[PDB]
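The listed protein sequences correspond, in order, to chains A, F, B, C and D.
PDB author numbering applies: residue 1 is where the first sequence begins, and numbers increase by one.
PDB author numbering applies: residue 1 is where the second sequence begins, and numbers increase by one.
Going left to right, the third sequence walks through residues 5 to 53, 182 to 232, 240 to 354 as PDB author numbering numbers them.
PDB author numbering applies: residue 7 is where the fourth sequence begins, and numbers increase by one.
PDB author numbering applies: residue 1 is where the fifth sequence begins, and numbers increase by one.
By construction, the Cβ of each residue, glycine as well, lies at the ideal position given by its N, Cα and C atoms.
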Amino acid sequence: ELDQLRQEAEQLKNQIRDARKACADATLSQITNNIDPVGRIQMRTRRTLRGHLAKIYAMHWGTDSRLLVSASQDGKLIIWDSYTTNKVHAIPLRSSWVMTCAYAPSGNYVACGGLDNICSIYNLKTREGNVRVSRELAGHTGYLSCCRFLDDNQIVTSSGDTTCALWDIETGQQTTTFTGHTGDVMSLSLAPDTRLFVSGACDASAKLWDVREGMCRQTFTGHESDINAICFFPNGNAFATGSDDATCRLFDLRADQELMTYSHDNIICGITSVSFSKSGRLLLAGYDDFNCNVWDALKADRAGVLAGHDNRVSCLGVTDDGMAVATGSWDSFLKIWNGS
Amino acid sequence: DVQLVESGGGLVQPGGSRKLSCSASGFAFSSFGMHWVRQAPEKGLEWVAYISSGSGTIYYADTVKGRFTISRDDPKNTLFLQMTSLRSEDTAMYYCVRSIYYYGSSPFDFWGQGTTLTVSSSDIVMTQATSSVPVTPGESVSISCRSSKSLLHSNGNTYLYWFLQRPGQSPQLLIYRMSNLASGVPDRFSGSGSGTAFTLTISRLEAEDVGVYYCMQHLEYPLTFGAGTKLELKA
Amino acid sequence: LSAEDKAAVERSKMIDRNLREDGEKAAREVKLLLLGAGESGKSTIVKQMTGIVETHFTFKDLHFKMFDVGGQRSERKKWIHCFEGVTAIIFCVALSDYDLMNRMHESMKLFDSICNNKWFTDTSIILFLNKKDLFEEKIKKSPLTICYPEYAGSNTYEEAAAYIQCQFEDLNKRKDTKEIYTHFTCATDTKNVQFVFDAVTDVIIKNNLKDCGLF
Amino acid sequence: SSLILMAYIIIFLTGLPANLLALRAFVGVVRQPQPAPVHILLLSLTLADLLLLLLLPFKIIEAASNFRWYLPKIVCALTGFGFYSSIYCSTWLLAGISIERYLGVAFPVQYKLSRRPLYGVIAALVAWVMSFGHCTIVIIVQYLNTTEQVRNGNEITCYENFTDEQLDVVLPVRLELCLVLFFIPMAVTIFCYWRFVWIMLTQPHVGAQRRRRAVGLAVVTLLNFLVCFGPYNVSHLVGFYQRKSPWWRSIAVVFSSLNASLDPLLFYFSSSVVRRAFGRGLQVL
Amino acid sequence: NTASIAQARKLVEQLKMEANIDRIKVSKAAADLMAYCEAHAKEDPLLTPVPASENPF
Ligand SMILES: Cc1noc(C)c1-c1ccc(C(=O)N2[C@@H](c3ccccc3Cl)SC[C@H]2C(=O)O)cc1
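Rendered as structure tokens:
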């Protein structure tokens, strides 16, 4: 009987909540009071990158912390040289409605996708001087939202069909299909070990999946709106969640509950991109008020404001070594921020 | 399949004119830079001219400056080298070499087959080691190289290129930027250096590894090839 | 800069020329978005001129791009901001669906949300009330009382069609800055492309005055 | 002459600071992606106005001296050359902007499809060549006919006192400048604005608020052209008939200087309230 | 119909396995996060600015 099963679901939810309360001894705010505050952090732009003729929707850093890839609505992917502000490549796209981009760890391939429900993958190390597409991944019903590279043969893709999937390069088939999300998922972040990933959906829930098997290990709730971005903590057992409301939540995999909430009354705009620092002490989150806010990951106190864009910031990026922060917005401008 | 075919060679009287054509097929010719390298009979290699992708950047060697002019036809995918006032010192095998900004550098990975040409009648100097080194399979061979000016730029990049010239075959690039390995090159080749002194080490030797080794610098333009080290079988 | 550094810099400048050429060409193309509700005459007007289908046609030496997002089957508000800034929005509403909760109430609800959307506060809406031929044969027996209960007019097509058009005209609160164009088309109609050209002509005029700083 | 001095400083203290904000805003647009031909004309107009404002202190020195004072002779020739040629350069540039506005409403499809920044460069250069070319030809003939030859620095026209003989050559030149450099732009500007106003008024699908903010601005811009540049070139026709240099030319130049200050204000459109919000926030800080 | 029953039983199985997992105390998890930040603080360019000589922007 469906009614009995529905009632049993509430009982299981109550048991999980009771277990979470039992393991909740103290709060991170109480333990962090004795540590020295970070203070005020001043960030100044160093290199500004121009050439895009439309709003920038995605931007991913390379492994060498020098090459940068950005996607725009003009239908072109530009490989930027951060150090010298140069265009290594300009990959035309058959569809000018992309909203995601990815950089392979080896740098040989660059992936993109959008409303065409195709995750095109382009080869950058061709014998010829041009960038040629390698494989067109088809099988998703909803719009492409995010794509991440685990290796040169497997890519994890999250679409708008409330279903994530893991693809293969040699064969355009879905090796593993992830199901369980009741709403649209518009972001995805991969763990450093390339074994688990967290997807933020429209039902204000973050789900942790395993690549090898495909079932949901844990589920995280607490938000009141659709989650637009998510990013794994440097350590590996935590992640930061940003939603359409004006708050950011940090969840711990081992605790399986919310740790600390970053919010203020002066902010009434959502977060479009969430990123961390190399040491994990600094939390950087974009906002729709044309400003990027730097949050303390341990004290929930603001450290600095990155206000250099005249349009909404859509993507955020921190290099592997943590020596630079790249911020992209809808003003077709890319900026790199660093301390002094 | 990348292919470069050179045509337009033959007997030329002194003081005459001749045009060399290098046809490019199998790759994007518009985005690829082109170079002309000539090899005199039983002598080494020397740079001649270079044309950029947009044909707006052109350089010429001091010897062939003014007399030689280079042009390209992107729609026809054909390289042109018009020559005037040919002397007896221009008798050499001309090679068309493609270049592109790849991996942060401009390698010379692909070389043309070349065409015969007989005329009947401040620069950095790269000093190489002895041009006669007897080698045997299974041994490790190190080839030394020297430069008058340090090749280490302010960006931490050293501009060195190593080329292998098989007997009767076009030269093939092995090591570029003194540390990187070109595509298709076996891992047995290693390169190292610091400023002016450079060396190339081969771990395992093979019968197909014989030939003449050349070293060139891409620091300034004015790319001077080395004297050339020849490897011969001991037996 | 070194020898190869200058070549890399020159290569970037060549891409800049290509980007500028592509951007200028793309700026001369009028972008249109098709938002038919449940295939309510959406496919009967494409021939008269995969997730997203792009239709390209030229009228009076003007390039037109038509985008169909009816097959997305996802959340509308997650990608409705990507189409912000289009020249005009083409809306297709059937007229024979009043008899068939109701099929036009969904169209009215869908029209209300997009017309009042933040990203489309100034984009022109081109309503296409097609399937008017079937309206003649359906209004004779089935009246408009089933669809609209607050109807006092007769069963004549002249006044009943205006009532349906009127109900789609007071669904926008920003009447002082956004204007909705309404037309009654059919399968045999051949002037539908002409109406779109006149509709986008006004938008170009407003953009032309914006560029010169007058407005 | 007492009130002539006062008006010059008012233009200088208002036109100069407003021009820098206008120049900064217009320079960015040209450097912004996809510039429009009208934007280049707007940038050229500000540069011509700034050139006029730069030489304004030289005019402030005059009309306030006691005869007498310090003033060089080469400076008089150069100051008058730059000041008056900028008026004619702005006159042709304003006509160019009026041409672009007319082609917008009249031929929106053709204007969108066939607009390139190159046309704006040519239109500006025609204004540069016509305004400066006529003055340079005038200035070289002056010294070529003066006792001191083989130079073009000029030694006359420090206070425009032609006594009894040079009047036979200035008046024909003054008439030519008015009929060519003014009447031709005036005919184009009047016709273009008259056609533009009668087109937007009868345009069916235009909001009521849009028409009021468009027809009113066009009339004001047309009125500024006929008021600021009116008396200065009318005196050229009056001088020929009267066979003497009119005495009210100094007042007419002040009206021309009003256009340099007023032009940034005409371009201080809805973005101005953003500056007011920016100014209000700056006061709080 | 049968679709609701199949969906309902899948959620119950999904929730049952999630509940029966090992969990650690919040304080222990919070301490681990603090330890990682303190250990890697010296190698964080964002938190600790680097001099212009070693800064490649
Ligand atoms: C005398 C004489 N001999 O040969 C020529 C030729 C002239 C001669 C001199 C002056 C004029 C003359 O009225 N101008 C010219 C001028 C340009 C630059 C600087 C000063 C002046 Cl006065 S253009 C504006 C007008 C003015 O300033 O009102 C006409 C003709």
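| Check | Outcome |
| --- | --- |
| DSSP three-state label for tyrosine 165 of chain C, please. | coil |
| What are the complete alpha helix (DSSP H) segments, minimum 4 residues, inside the segment 108 to 193 of chain C? | 114 to 119, 123 to 151 and 173 to 183 |
| Give every residue of the same chain whose Cβ lies closer than 8 Å to the Cβ of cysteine 231 of chain A, excluding the five residues on either side of it in the sequence, and list them in chain order. | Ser189, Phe239, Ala240, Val274, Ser275 and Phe276 |
| In whole angstroms, what is the alpha-carbon distance linking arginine 217 of chain C and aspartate 315 of chain B? | 12 Å |
| Between which two residues does the alpha helix (DSSP H) harbouring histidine 244 of chain B extend? | 242 to 254 |
| Since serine 92 of chain C and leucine 58 of chain C are thought to touch, with beta carbons under 8 Å apart, how far apart are those beta carbons, to the nearest angstrom? | 4 Å |
| Going along chain B, which residues have a C-beta under 8 Å from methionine 186 of chain A? | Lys210 |
| With DSSP as the reference, label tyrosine 83 of chain A as helix, strand or coil. | coil |
| Does the Cβ-Cβ distance between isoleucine 78 of chain A and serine 70 of chain A come in under 7 Å? | yes |
| Measuring CB to CB, does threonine 194 of chain A end up less than 7 Å from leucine 150 of chain A? | yes |
| Just to confirm, does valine 218 of chain B get its C-beta within under 6 Å of one of the non-hydrogen atoms of ligand 1? | no |
| Which value, in whole angstroms, describes the spacing of the CA atoms of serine 17 of chain F and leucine 45 of chain F? | 22 Å |
| Let me see if you follow: with CB-CB separation under 7 Å, is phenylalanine 198 of chain F close to chain A or not? | no |
| May I ask you to list the residues that DSSP assigns as paired with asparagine 34 of chain A? | Answer is none; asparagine 34 of chain A lacks a bridge partner. |
| Measure the Cβ-Cβ separation of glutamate 8 of chain A and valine 12 of chain D and say whether it is below 7 Å. | yes |
| I'd like to know if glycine 183 of chain B contacts chain A, where contact means its C-beta is closer than 7 Å to some C-beta of that chain. | yes |
| Tell me which residue opens and which closes the alpha helix (DSSP H) that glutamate 10 of chain A is part of. | 2 to 23 |
| Is there a Cβ of chain A sitting closer than 7 Å to that of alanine 29 of chain D, yes or no? | yes |
| So if I threshold CB-CB distances at 7 Å, which residues from the segment 127 to 138 of chain A count as touching chain F? | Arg127, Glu128, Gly129 and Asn130 |
| For ligand 1, I want to know if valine 144 of chain C counts as a neighbour, meaning its beta carbon is within less than 6 Å of at least one of the ligand's heavy atoms. | yes |
| Please say whether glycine 193 of chain F and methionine 178 of chain F have beta carbons closer to each other than 7 Å? | yes |
| Does DSSP put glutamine 52 of chain B in a helix, a strand or coil? | coil |
| Less than 6 Å between the CB of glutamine 248 of chain C and some heavy atom of ligand 1, yes or no? | no |
| On a CA-only basis, which of B:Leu194, B:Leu273 and B:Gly27 is nearest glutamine 333 of chain B? Give me that one, please. | B:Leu194 |
| Between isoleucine 41 of chain A and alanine 303 of chain A, how many whole angstroms is the CB-CB distance? I'm expecting something under 8 Å. | 4 Å |
| With H, G and I counted as helix, E and B as strand and the rest as coil, what does DSSP make of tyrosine 50 of chain F? | strand |
| Drop a sphere of 10 angstroms on the beta-carbon of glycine 75 of chain A, count the other beta-carbons inside from all chains shown, and report buried for 16 or more, exposed for fewer. | buried |
| Here's the rule I'm using: 16 or more other beta-carbon atoms within 10 Å means buried, otherwise exposed. How should residue 5 of chain C be labelled? | The question about residue 5 of chain C has no answer, for chain C in this structure spans 7 to 291. |
| So with CB distances below 7 Å, who are the chain B contacts of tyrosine 117 of chain C? | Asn347 |
| Which ranges does the beta strand (DSSP E) cover as unbroken runs of at least 3 residues, wholly within the segment 255 to 336 of chain B, from first to last along the chain? | 263 to 269 and 319 to 323 |
| I think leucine 223 of chain F touches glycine 112 of chain F, with their Cβ atoms under 8 Å apart; what is that distance to the nearest whole Å? | Contact flag wrong, Cβ pair sits at about 17 Å. |
| Note down, in chain order, each residue of its chain lying with its Cβ closer than 8 Å to the Cβ of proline 192 of chain A, except the 5 sequence neighbours on either side. | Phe232, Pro234 and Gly236 |
| Considering just the uninterrupted stretch of the beta strand (DSSP E) at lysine 197 of chain B, what are its terminal residues? | 194 to 200 |
| Going along chain B in order, which residues have a C-beta closer than 7 Å to the C-beta of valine 44 of chain C? | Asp350 and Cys351 |
| Cα separation between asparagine 160 of chain C and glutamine 148 of chain C? | 6 Å |
| Would you grab the beta carbon distance between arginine 23 of chain D and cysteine 23 of chain A for me? Rounded to a whole angstrom, and I think it's under 8 Å. | 5 Å |
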